[PDB]
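Undergrad: Following this message is one structure expressed as C-alpha cells.
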Amino acid sequence: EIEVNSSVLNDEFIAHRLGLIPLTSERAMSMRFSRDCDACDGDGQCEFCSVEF
Amino acid sequence: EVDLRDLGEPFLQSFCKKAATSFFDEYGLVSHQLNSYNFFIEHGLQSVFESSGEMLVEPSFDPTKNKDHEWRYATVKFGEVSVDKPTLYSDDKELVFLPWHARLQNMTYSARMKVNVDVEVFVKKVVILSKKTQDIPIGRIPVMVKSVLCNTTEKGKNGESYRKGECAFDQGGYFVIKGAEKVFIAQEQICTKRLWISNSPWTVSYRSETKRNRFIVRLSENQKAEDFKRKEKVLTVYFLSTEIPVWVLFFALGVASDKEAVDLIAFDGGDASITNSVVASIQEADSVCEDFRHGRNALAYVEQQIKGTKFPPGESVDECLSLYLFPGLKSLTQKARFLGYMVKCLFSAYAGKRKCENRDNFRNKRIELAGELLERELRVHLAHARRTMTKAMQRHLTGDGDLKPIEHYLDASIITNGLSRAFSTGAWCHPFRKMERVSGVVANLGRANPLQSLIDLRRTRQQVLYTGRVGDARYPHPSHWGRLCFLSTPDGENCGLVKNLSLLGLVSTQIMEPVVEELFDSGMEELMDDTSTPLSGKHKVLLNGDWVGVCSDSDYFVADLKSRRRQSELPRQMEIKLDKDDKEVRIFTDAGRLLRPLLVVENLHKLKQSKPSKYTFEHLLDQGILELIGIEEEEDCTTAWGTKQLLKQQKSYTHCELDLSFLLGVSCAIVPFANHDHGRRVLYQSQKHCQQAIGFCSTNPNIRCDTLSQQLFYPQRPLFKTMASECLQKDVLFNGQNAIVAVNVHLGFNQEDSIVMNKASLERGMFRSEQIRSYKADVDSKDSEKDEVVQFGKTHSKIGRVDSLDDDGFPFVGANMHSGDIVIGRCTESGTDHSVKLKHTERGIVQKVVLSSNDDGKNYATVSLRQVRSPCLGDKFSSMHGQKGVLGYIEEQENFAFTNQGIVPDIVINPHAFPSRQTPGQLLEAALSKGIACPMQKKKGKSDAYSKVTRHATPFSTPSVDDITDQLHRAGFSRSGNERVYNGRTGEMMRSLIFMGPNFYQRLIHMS
Amino acid sequence: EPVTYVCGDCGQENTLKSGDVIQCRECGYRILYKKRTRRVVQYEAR
Amino acid sequence: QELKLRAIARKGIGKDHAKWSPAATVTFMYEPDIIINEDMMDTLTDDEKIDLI
Amino acid sequence: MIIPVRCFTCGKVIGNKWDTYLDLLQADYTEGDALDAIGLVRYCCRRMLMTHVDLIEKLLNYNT
Ligand SMILES: [Zn+2]
Ligand SMILES: [Zn+2]
Ligand SMILES: [Zn+2]
C-alpha cells in the first residue's frame, strides 16, 4: 500500500523491487498459507501468516 | 618515414577511432537539416525579397480630365528583413516562448518577420514615408528546433539547458506545427548548370532553373523523312518558341567568316558524317535567309522573337535580349565560343566518343534540403502577396481616405496561412511547374524509439516521374559508395526510392566569397576577346558550367589547387575535377552535393612527429590529414580499404577510408556480423524491426503528452562492441535485453518460427514493459462565440459511470480506471452528454492530468493512463538478424535442460530455422558473447589473462572462426560451441550436445 | 481537499475555480497541472 | 521527494512466483569412470602425448 | 534503470553489487578481474552486470 510516492520511479517498479528482497524464512515451514487461515481477514498483521513491514 | 611502417597498425587504427569520435563530436547526426535552415535565415531570406521596385500604372479610364491618368504612379520598395526569436505575444508583458509550450498548447512555434519597407511616391510626373516604416509585420515563419532562432540553443550544457522543454536524447531537427512534430524529407533534383546530352533526338542542353528563357541544340531531326535528308543542326526552340538554324545565330553574334566557325567547333577532321552534317547545316541556313552580309542582314532574321513568338520577351526585343543567353558569360566573343563548345560536345557524342548522361549516377544530382524548399514556397506566397497588394493599392484612385501606406494593404495572414497549409496539408510546390503541387515531402516524426527519430531525420527521396522505364531508379548504383546506404531500404510501394544517408555523409551548403580571381595563382590564363583561333589543345576550366579561363599542364594545376585547399587557403567545400580524356577541369562551389571525409596519405605523416592527446576536427582539417571529398572528385582517387594491412601492402594509394563499416546507414552499421546474413534479413532488421523494438522512451515523461508512449524496465547494451556504437556512444541505439538462447527441439511448441521462454526469467522482470496512453478533448473559450457550451464539469445526474470523476470534470491522480468508464466529463448544462468514454480495451491507473488552452480560449484537456504488461502468450520477438517469432509456450523453470553449472536458457528456439534462412551471424554472435562473459582460468602468473579478448563484431571487418573457437577453448568450454546438458524431467544425460549462449533479443510493438 | 491545480513553470497553486480561460495567475503561461492529493492505493508485488 | 508505504509479507512457493524460490543454484552431475589404457599409451610418441593432453 | 535484483537466469542476488563494481573499475581493474573479485563464477550474472545501463541519473537531473 503506497500512501505517498513522489520519486522518478513508478509504483509497480517499487513494488516489484520489494517483492524480490529476500526475507529470512526459518519459521516458514511452521507458518500457514494465507488461504488456509481462519483469522486475519483484515488486510493486516497476523501471527501465523501476514508479517507487516 | 617514407616506408610508413614503424608507426604501424595499433597506432593507425587508434587514430581512425579518435578521428571518427571527434567527427561525431563536432557534427552530430542532424547537421544537414540545421545547416540548411540556418543558411536560409542568415542569407536566403533577404536574398528572396530583392525583386523589383513595385511600379503601378493604374489603368482605369480616360473619358474625362478629372479622371485622366493624373493621379500619381506609385513607388515602394523593400529593404531589410528582421526576424525575432519566437515570443508568446500576450498583452501585459509578453513572454518567452518554448517548443514544449507549443506542443502542450497546440500552437505553431513560429517567429515574426519584420521588413523595412520604403515608399517615396511623389507627384512630379503628373501632367514619402520611407521613415516610419521600419518595422512592418510580414507573415509568421515557423522555427526549427535547435536553430539559430530557437530559444533552446543559446546555453551550452549547464547554464540553463534544463529549461522545461528538453530531453537528453533529443537533438531536434524537427518543427512543431499546431501541436504536431513535422520533419522535412530531402528531395532529389537534377544537377543543372551542366551540359546534358540526350540521344533519342540528340538534343544537348543548357538548363537553368532560374531565367526561364534558355535553349537546346538538337542535331537528330531532319524536318522530313521522304527519301532521306542529311542530319543538320537546327538550334531548336530558344524562347519557348522560335527555332533558328545554327549559322544565323553565329552571324548574329558576329562571327567574321567560315573556317573560324569550323575552328570554333574544332572536331576531329575526317569522319565524313560530321562534315556532311555541317555542310547540310550551311545549305539549310542560306535557304531561309541571306545572312552574313551586314550587321543586320543576319541579325534581322532573329525576328521570330518579335511577333512569331506567342510570348514577346519583355520590351526592346533586340541586342538587349542577348543577356538572356549565357548570363555567366560577359561578351559575344565568348558566347560564340561557348556555342561552338556545345556543338562540339554534340558531335563528339554522336560518334560514340562521349557517353550520354546517365540520370541515376549521383554526380548528376543535387539534393534540396529545407532551405531551398522554404525558398520556393516563400517565393510563391510572396508573389501572390505582391499581386494582392497591388490590386489593393489601385482601389484608392484620386481620393485617399485610408492612405497610411502600410498596415492597411500588406496582409500578413496571406503568407501565414500559406506557410501553415504547406506544413499541415502536404501541398508542396512543384520545383518546375509553378501552378501544381507535389506531396512526398514533410511527414510526421516517430517517437517509439530514440532510433526511429534518427532514421526519420536522415532520408532522401526520388520522386515518381512516370512508370514507363524508370530504369535503375530503385537499385544501388556504384556512386552510392560511402554516401548512401546499399543494404537498408523500405520495401513495398517505395522500395529503393527512399534512401538512408550514411554515417559519415555530409551535405554541402553554399560557397559565398567569389573565387574566380583565386584560380589565377596556379595557372589559369584568361579567355580571349576574339575568335581568331589562337586556342590550342589546352585544357578547359569551367566554374559551375561556365568558361572563365583556360590553363595548360593541368596535372600540376589541379595538384596546386588541392595543395592550396589542404593548407586552408581555398574553401573546404570545393570539388576539383580533372577529366583527362575530355580535356576539361570542373570546379564546384555548389549548394547540395554529398561530401565525406577520407585519410590523406601524406608523405611526412605529422602524427608520428607531433602526437598530442587531442584532435579537434577543425584542427585535423588544417593539417590536411583528413579531407572532405565529393563524388566527382573521388573517382580520380585510388582509395585503400583500411590501414589494417591494405595501406601497408603498397603505396599506390592516394587516400584511405576511416573504416569500412561507415559505408552503411545509421541503423545498419551497428548490427553484429552484418555481412554474414542474407541481404533480405538485414533489410528487415535495419528498416522495420529496429524501428519497432520496445526500449528507451525519454528522460522527461511528464511533458510528452502523446498517444501510446512505451518503455521497458531494464534496458541494456549488448555484450559485443561495434565500431559505430563505440564512436557514437549512444546506448539508446539498442533496445532489448541479453537473452540466453539454446537451440533444441522442445515438445512441439517452437515449430513454424515460434519461440519458447522461461517463466522464472519472466517473473524476475525480464522484458516487462510499461505503456502510457493519452486521452484528449476540447471546448470553446469561456462564453464567446469567438446551449452549445460543453464546459468541463460533472453533471451529477448520473449519465454513465462517475465513481472516479471529481467536480471539475476529470478524475483524480491515483484512480484505477476500469474497462469502460467516463474519462473526461465534457457535458453541457442541460442537454445530453458529449463526454468522452473508454472503449472495450482501454483501462489503467491515472498518471497525470494536463489542462491547457489556446489564444482564443480553446481549452484543452489531457489525461494519461498507465499500465504494466508482462509478455503474454501471443506476443512477437526477434533477434538481431531478422529471425522473428511468436511466444507460443511459457515453461516453468525445473523442466528445462540444465548444464553442470546449473544454467537454464531464457529462450529456446527450433534448429529448423537456421539451414534455410542463411543467418550464421546469430550463431557467431552467440559464440562471441559467450566467450566474452565467461571467466578465464589459468590466470595465476604469466599474464593478467583478460587482455587478448575480442569484443569487436564490426560488420565488414570481423573476427575469424579461429579467434572465436580459440577464445572458447581459453574460457574452458568446448571448441565446437556446444554444451552437455541433463534433462529436467527424466534427469539423465541428453544424448545430443546443445548449442547455448547469449544473444541480444528485441520485443516488438503491436502486442496481442 | 479542493482541486488545487499547479502551474508548469511557476510551481504555484492557483486553486482553480469554475471554467475561466486556462491561464496561470501571477503570470500568463497556460500549463496548469493537477496536484495529487493524499490517498491510499493497493498493489500486488508481482 | 518521499516514499511512505506499508508492505505485508506472506508465505508461498516457487511455483506461484519466482520471488519465493530459495534456491539460486541447485544442480548435480554424474562422475566419470576413466579407464585409460597403458599398452596403447606407450606406443604413440611424446609430441602426440603433449598434443592430445 | 537501477540494477535489477535477482539475476534473471539463475537467481543470485546481485542488487547490492553495483557500487563496489564501479569502485573496482574506478581503481584500476579490468572487467574480468573485477567480476572475479566480486565473486561471480557463472556467466549468467556476469552478463547481467557488464551490460547494465544506468539511467537513474539522467532522470534525477530532469525533474524540476
Ligand atoms: Zn491469520
Ligand atoms: Zn504560471
Ligand atoms: Zn547463476
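The way I read the labels, and the way they are meant: chains A, B, ... in the order of the C-alpha cells, residue 1 as the first residue of every chain, and ligand 1 as the first ligand shown, with later ones counted on from there.
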Per residue of chain B within 10 Å of ligand 3, which atom pair is closest and at what distance in Å (one decimal), using only C-alpha atoms and all ligand atoms, listed by chain and increasing number, as a tab-separated table?

TA:
```
residue	atom	partner	partner_atom_place_in_ligand_line	distance
B:901	CA	ligand 3	1 (Zn)	7.8
B:902	CA	ligand 3	1 (Zn)	7.2
B:903	CA	ligand 3	1 (Zn)	6.5
B:904	CA	ligand 3	1 (Zn)	9.0
```

Undergrad: Can you spit out the residues from that selection as a compact mmCIF listing (two decimals), in the first residue's frame, using C-alpha atoms?

TA:
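Output file again-v2.txt is given in full below:
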```txt
# COMPACT_ATOMS: atom_id res chain seq x y z
CA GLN B 901 26.79 -25.24 -13.60
CA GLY B 902 23.01 -25.25 -13.42
CA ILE B 903 22.39 -22.70 -16.16
CA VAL B 904 18.92 -22.62 -17.76
```

Undergrad: Please find the residues of chain B near chain A - the criterion being any atom within 12 Å, counting only C-alpha atoms - and write them as JSON, numbers by chain.

TA: {"B": [699, 700, 701, 702, 712, 713, 714, 763, 764, 765, 766, 768, 769, 770, 813, 814, 845, 846, 847, 866, 867, 868, 869, 870]}

Undergrad: Could you name the residues that touch residue 353 (chain B) at 12 Å or less, counting only C-alpha atoms, but leaving out those on the same chain fewer than 6 positions away, as a list in words?

TA: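 Listed by chain and then number, they are residues 267, 268, 344, 345, 346, 347, 581 and 582 of chain B.
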
Undergrad: Any chance you can output those residues with N, CA and C atoms as a JSON list (two decimals), in the first residue's frame?

TA:
```json
[["chain", "number", "residue", "atom", "x", "y", "z"],
["B", 267, "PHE", "N", 36.22, 19.92, -84.52],
["B", 267, "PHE", "CA", 36.09, 18.48, -84.40],
["B", 267, "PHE", "C", 37.35, 17.79, -84.94],
["B", 268, "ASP", "N", 37.27, 16.47, -85.13],
["B", 268, "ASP", "CA", 38.46, 15.67, -85.43],
["B", 268, "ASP", "C", 39.02, 15.88, -86.82],
["B", 344, "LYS", "N", 30.43, 21.11, -80.38],
["B", 344, "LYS", "CA", 31.50, 20.11, -80.35],
["B", 344, "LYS", "C", 31.15, 18.96, -79.42],
["B", 345, "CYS", "N", 30.47, 19.26, -78.30],
["B", 345, "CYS", "CA", 30.03, 18.20, -77.39],
["B", 345, "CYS", "C", 29.00, 17.31, -78.07],
["B", 346, "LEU", "N", 28.08, 17.91, -78.83],
["B", 346, "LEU", "CA", 27.06, 17.13, -79.53],
["B", 346, "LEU", "C", 27.68, 16.23, -80.61],
["B", 347, "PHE", "N", 28.62, 16.77, -81.38],
["B", 347, "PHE", "CA", 29.31, 15.99, -82.41],
["B", 347, "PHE", "C", 30.16, 14.88, -81.81],
["B", 581, "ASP", "N", 40.43, 12.71, -70.26],
["B", 581, "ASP", "CA", 40.08, 12.35, -71.62],
["B", 581, "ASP", "C", 39.37, 13.47, -72.37],
["B", 582, "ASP", "N", 38.35, 14.07, -71.76],
["B", 582, "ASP", "CA", 37.64, 15.15, -72.42],
["B", 582, "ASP", "C", 38.39, 16.48, -72.34]]
```

Undergrad: Based on only C-alpha atoms, which of the residues in chain B come within 7 Å of chain C? I want them as an MDAnalysis selection string.

TA: chainID B and resid 781:782 813 849:853 857 859

Undergrad: Print the selection's residues with N, CA, C and O atoms to a file, as a compact mmCIF listing (two decimals), in the first residue's frame.

TA:
```txt
# COMPACT_ATOMS: atom_id res chain seq x y z
N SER B 781 -13.88 28.95 -25.92
CA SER B 781 -13.19 29.84 -24.95
C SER B 781 -13.89 29.81 -23.59
O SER B 781 -13.69 28.83 -22.85
N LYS B 782 -14.64 30.86 -23.24
CA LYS B 782 -15.27 30.90 -21.93
C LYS B 782 -16.77 31.07 -22.08
O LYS B 782 -17.56 30.30 -21.54
N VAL B 813 -5.73 11.59 -9.24
CA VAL B 813 -4.41 11.22 -9.73
C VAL B 813 -3.93 9.93 -9.05
O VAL B 813 -2.74 9.75 -8.81
N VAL B 849 -2.93 14.71 -15.09
CA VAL B 849 -3.98 15.46 -15.76
C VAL B 849 -3.41 16.80 -16.17
O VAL B 849 -2.92 17.55 -15.32
N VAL B 850 -3.46 17.11 -17.46
CA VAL B 850 -2.90 18.34 -18.01
C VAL B 850 -4.03 19.14 -18.64
O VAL B 850 -4.80 18.59 -19.44
N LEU B 851 -4.13 20.42 -18.29
CA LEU B 851 -5.22 21.28 -18.75
C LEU B 851 -4.64 22.56 -19.33
O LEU B 851 -4.31 23.47 -18.57
N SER B 852 -4.55 22.66 -20.65
CA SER B 852 -4.02 23.85 -21.30
C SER B 852 -5.08 24.50 -22.17
O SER B 852 -6.25 24.11 -22.16
N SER B 853 -4.67 25.52 -22.92
CA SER B 853 -5.60 26.29 -23.74
C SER B 853 -4.86 26.92 -24.91
O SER B 853 -3.65 26.74 -25.09
N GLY B 857 -9.07 30.97 -26.27
CA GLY B 857 -9.65 30.27 -25.15
C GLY B 857 -9.94 28.79 -25.30
O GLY B 857 -10.54 28.20 -24.40
N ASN B 859 -9.96 25.55 -24.69
CA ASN B 859 -9.38 24.87 -23.55
C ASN B 859 -9.15 23.40 -23.87
O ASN B 859 -10.03 22.72 -24.40
```

Undergrad: How would you report the residues lying within 8 Å of ligand 1, as a PDB file with N, CA and C atoms, in the first residue's frame, if you count only C-alpha atoms and all ligand atoms?

TA:
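Saved as out35.pdb:
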```pdb
ATOM      1  N   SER A  34      -1.966 -18.375   3.561  1.00  0.00           N
ATOM      2  CA  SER A  34      -2.945 -17.389   3.996  1.00  0.00           C
ATOM      3  C   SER A  34      -4.345 -17.645   3.465  1.00  0.00           C
ATOM      4  N   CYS A  37      -6.090 -19.775   6.569  1.00  0.00           N
ATOM      5  CA  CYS A  37      -6.115 -19.207   7.909  1.00  0.00           C
ATOM      6  C   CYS A  37      -7.531 -18.750   8.226  1.00  0.00           C
ATOM      7  N   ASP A  38      -8.025 -19.149   9.395  1.00  0.00           N
ATOM      8  CA  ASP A  38      -9.338 -18.741   9.868  1.00  0.00           C
ATOM      9  C   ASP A  38      -9.407 -17.261  10.224  1.00  0.00           C
ATOM     10  N   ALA A  39      -8.355 -16.722  10.832  1.00  0.00           N
ATOM     11  CA  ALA A  39      -8.303 -15.337  11.277  1.00  0.00           C
ATOM     12  C   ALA A  39      -7.861 -14.441  10.124  1.00  0.00           C
ATOM     13  N   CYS A  40      -7.409 -13.234  10.477  1.00  0.00           N
ATOM     14  CA  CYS A  40      -6.567 -12.354   9.651  1.00  0.00           C
ATOM     15  C   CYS A  40      -7.272 -11.859   8.392  1.00  0.00           C
ATOM     16  N   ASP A  41      -8.598 -11.775   8.418  1.00  0.00           N
ATOM     17  CA  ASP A  41      -9.323 -11.188   7.296  1.00  0.00           C
ATOM     18  C   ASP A  41      -9.529  -9.689   7.544  1.00  0.00           C
ATOM     19  N   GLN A  45      -1.680  -7.410  10.079  1.00  0.00           N
ATOM     20  CA  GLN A  45      -0.718  -8.283  10.726  1.00  0.00           C
ATOM     21  C   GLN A  45      -1.438  -9.470  11.352  1.00  0.00           C
ATOM     22  N   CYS A  46      -0.790 -10.630  11.307  1.00  0.00           N
ATOM     23  CA  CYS A  46      -1.275 -11.827  11.978  1.00  0.00           C
ATOM     24  C   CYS A  46      -0.085 -12.569  12.562  1.00  0.00           C
ATOM     25  N   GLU A  47      -0.366 -13.683  13.222  1.00  0.00           N
ATOM     26  CA  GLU A  47       0.677 -14.376  13.954  1.00  0.00           C
ATOM     27  C   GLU A  47       1.045 -15.728  13.362  1.00  0.00           C
ATOM     28  N   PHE A  48       0.238 -16.264  12.451  1.00  0.00           N
ATOM     29  CA  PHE A  48       0.616 -17.473  11.732  1.00  0.00           C
ATOM     30  C   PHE A  48       0.864 -17.219  10.255  1.00  0.00           C
ATOM     31  N   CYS A  49       0.455 -16.061   9.759  1.00  0.00           N
ATOM     32  CA  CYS A  49       0.890 -15.529   8.478  1.00  0.00           C
ATOM     33  C   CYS A  49       0.998 -14.019   8.637  1.00  0.00           C
ATOM     34  N   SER A  50       1.241 -13.334   7.521  1.00  0.00           N
ATOM     35  CA  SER A  50       0.996 -11.899   7.365  1.00  0.00           C
ATOM     36  C   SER A  50       1.832 -11.038   8.316  1.00  0.00           C
TER      37      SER A  50
END
```

Undergrad: Taking only C-alpha atoms into account, report as a VMD selection string which residues of chain E lie within 12 Å of chain D.

TA: chain E and resid 5 to 14 41 to 42 44 to 45 60 63 to 64
